[PDB]
Amino acid sequence: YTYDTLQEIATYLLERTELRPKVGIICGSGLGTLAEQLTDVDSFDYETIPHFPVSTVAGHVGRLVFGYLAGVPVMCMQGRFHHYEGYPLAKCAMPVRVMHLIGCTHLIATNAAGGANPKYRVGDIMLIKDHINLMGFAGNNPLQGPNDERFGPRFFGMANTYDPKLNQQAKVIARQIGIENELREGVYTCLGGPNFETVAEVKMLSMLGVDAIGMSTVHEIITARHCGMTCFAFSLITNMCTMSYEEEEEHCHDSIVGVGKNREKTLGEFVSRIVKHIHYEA
Amino acid sequence: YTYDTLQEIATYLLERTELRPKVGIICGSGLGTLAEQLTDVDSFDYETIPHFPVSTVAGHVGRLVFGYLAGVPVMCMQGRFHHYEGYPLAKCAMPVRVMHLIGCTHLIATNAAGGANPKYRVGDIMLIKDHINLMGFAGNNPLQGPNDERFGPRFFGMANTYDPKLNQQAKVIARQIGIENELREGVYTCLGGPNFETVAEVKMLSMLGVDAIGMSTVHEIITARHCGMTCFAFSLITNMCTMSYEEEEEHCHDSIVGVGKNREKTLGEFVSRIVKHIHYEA
Amino acid sequence: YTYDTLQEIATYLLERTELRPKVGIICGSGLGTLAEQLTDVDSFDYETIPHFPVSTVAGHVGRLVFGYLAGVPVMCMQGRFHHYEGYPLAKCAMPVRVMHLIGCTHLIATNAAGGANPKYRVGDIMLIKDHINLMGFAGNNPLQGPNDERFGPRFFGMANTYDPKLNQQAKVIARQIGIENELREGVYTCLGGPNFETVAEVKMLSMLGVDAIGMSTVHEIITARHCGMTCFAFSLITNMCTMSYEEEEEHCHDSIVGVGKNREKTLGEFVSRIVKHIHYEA
Ligand SMILES: O=c1[nH]cnc2c(C[N@@H+]3C[C@H](CO)[C@@H](O)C3)c[nH]c12
Ligand SMILES: O=c1[nH]cnc2c(C[N@@H+]3C[C@H](CO)[C@@H](O)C3)c[nH]c12
Ligand SMILES: O=c1[nH]cnc2c(C[N@@H+]3C[C@H](CO)[C@@H](O)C3)c[nH]c12
């Protein structure tokens, strides 16, 4: 994906919707119903958009929806792309660069995750304060290759990547809507997958300071920071990681999506208030 | 590798052998003599099987041996494929899909490993109870890409991957044949190699909970679990990891292969009786 | 990059300089002025060398300089190649195989790094005593693929990779030139980049025993060891890693390169005394 190609995707969309969102939202496993709450919608199935990858995972509808979320224009990825589907991280992160070119100044990244922190409960929302990019340590980063200064600088720091003020405002909101007890804040990691983690892997990740284990988001976030966007992200805790050889393990994708589906009203209200906050501060 | 190509390999072999084994065995460095103890054998050089990779590593003979191991039909990879040879993990693990299509319900994977646990000794057999897939964390996984459901599900859990009942029976067997003082049980990891680990690496890997350090196996067993195969695995400790800047280090592939070669009797007997337990249990 | 191609490159240079150096030097970020202290130079822009990558990083000049360092013939990479540029590790490390083919017995690898050890100070030189190759754990190694025995063995051990005796002489030189308090010794790791590390990543890397965090060197050293070369390496600490969500982060490539430029006299004297030691001892 060159700059020119990405700008063709952006123009393609800007000619076909009048909406000019300042916020992009990526909906993960069981979070796709965020997109169903928008009004005055212009919708584009991924398989119809030039150069666009398709979502092959169940519960990822595969649709870019422009609409109003409680009156605020947003761009919504209803469905994400994952490295385990065979997509390089630059390709999974490509919509973030499209968002940036469309004029989004903010990225809200959303995902399902397993709770490696044993104090978490299924159904909790964990604010991502930080991440550990293991893929990146190994050389697998979406920014590898020639750098285009029209997007951003060759090198950049990660301080405040997960915006501290939006994280603090999300705590204020959680308490307004009565979900503070189901609200966490901690560290996310993105692993290859598609298999889930062994007991030894979960022990190692957790001792290194990981609270939530998923398979996305980090490379999306790094692409967003590269081009100057403000990021906010959260994990819905859809299952607890297996902590012992003694525990019965029942990890199931359908149940994992189910967790989010059953919380669609609360998630929608939560994201809706975050977006409201971003809009009024601007 | 498509399901159709793999089925073609399976059909090619099944047309050239009368044997219908329920157990695939993979022999690692110094374990190649397991194949030599089979009776009434149909043997296939890797060079001659369609689409098959070749063993380039010393002590890896490079042939697929169907035969009887104490009267039980087995198929045996005499020599394996390593990622450091330049094969993608899916290519290294492809024989597991062939075993499955042939009708193997069980995979026994064997390997050489450096002992990172300083309680171990050269010549110990360490039952693999669990692994840590650092390659998979970084996105290097044999299941990356489109998922064929004729093999297995998109996602799956890792609990009980190294079958607990078979590890238990291996402890029983170790007692029967006098080797309980050379029998450990612990956590394996598969590194890229082909260089051996530095002192700082070994310390980091111990602290994360690794007992045995190798360069194979993990993706073979991930491929088997995806197929729904039951897995049993062990490492022969062929050398102790260097643990200080003061220890003299003498890691040598020829010596490493020799550790297994000098234990062929015991290894054959140990593996033969696990296979026997599997046969009797169906 | 085959042996024959590498010999093409070696022969190309050997035809165009009469210098026969025994020591190769790679200059990293802020260390390029080392090449400027050479006398009687034959200089080659990377652009003009057959099959050579080019340096795209600010402050990496991109010239191979054959010259005298205080009377000792050296071969000096003024600027290097990084994986985040899009170069595979074997391509970043390729100039090390050329140095060997030319007759270099020693590699001096220098880099800039972030101080993860909080007792380090900006401007310190950390001798590399060891490294943790996280790229290699995942399978990203310059030696992956067929092995040519004309360079070295399939497998080899890492003990004393960073030469203990040269590290000892460095400590003696440090006191001779008045920089003993600014001399450290510890463990280096090579991350993919190009972004710098999160707070959570720096914490995890410290915990695992890393003192200095960089993006180069490790694969150059592994290639050198493969060839049988003696290796000496150090990091100039150009910035402290961010260790808290409360500190102000000002990671800047221009400043980083500036730390070395501001120390060119010292760096040159230090390196010049090491080469003088290698030369006398031989
Ligand atoms: O326990 C886990 N480990 C890794 N990822 C997840 C996720 C996140 N998603 C959900 C989905 C498979 O259910 C895949 O895209 C990763 C939920 N739970 C876990
Ligand atoms: O100390 C070790 N580190 C990593 N792997 C091994 C192995 C396993 N095999 C042995 C073989 C090189 O001797 C290569 O295929 C990996 C034995 N000892 C060690
Ligand atoms: O804090 C750090 N983290 C990772 N690498 C470096 C380096 C080494 N170089 C410097 C350069 C970016 O300034 C890139 O080539 C990596 C200096 N400081 C840091």
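In the text below, chain A, chain B and the rest are named by the order of the sequence lines, each starting its count at 1. Below, each value reflects all heavy atoms present in this structure, side chains not excepted, and no hydrogens, waters or symmetry copies. In each ligand, atom 1 is the first atom listed, and ligand 1 is the first ligand listed.
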Looking at C/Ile128, C/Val218, C/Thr238, which hits side-chain contact (heavy atoms from CB on, under 4.5 Å) with C/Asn111?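 Answer after filtering C/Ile128, C/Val218, C/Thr238: C/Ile128.
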Is it true that A/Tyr84 and B/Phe155 have ring centroids separated by less than 6.0 Å?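 Judged by ring-centre distance (under 6.0 Å), A/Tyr84 and B/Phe155 do meet the cut-off.
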Can you confirm if the aromatic rings of A/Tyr188 and A/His131 lie within a centre distance of less than 6.0 Å?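 No, they do not, as the ring centres are separated by 6.0 Å or more.
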Listed by chain and number, what are the salt bridge (charged side-chain N to carboxylate O under 4.0 Å, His left out) partners of C/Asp211, not counting sequence neighbours? none
Listed by chain and number, what are the salt bridge (charged side-chain N to carboxylate O under 4.0 Å, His left out) partners of A/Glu201, not counting sequence neighbours?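 Listed in chain order: nothing, the list is empty.
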Apply side chain to side chain contact (heavy atoms under 4.5 Å, CB included) to C/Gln144 and list each qualifying residue two or more places apart in sequence or on a separate chain.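 Side chain to side chain contact (heavy atoms under 4.5 Å, CB included) list for C/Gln144, sorted by chain: B/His83.
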Close residues, ligand 1: non-hydrogen atom nearer than 4.0 Å: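 These residues qualify: A/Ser29, A/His82, A/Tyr84, A/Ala112, A/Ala113, A/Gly114, A/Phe196, A/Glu197, A/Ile213, A/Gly214, A/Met215, A/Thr238, A/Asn239, A/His253, A/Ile256, B/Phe155.
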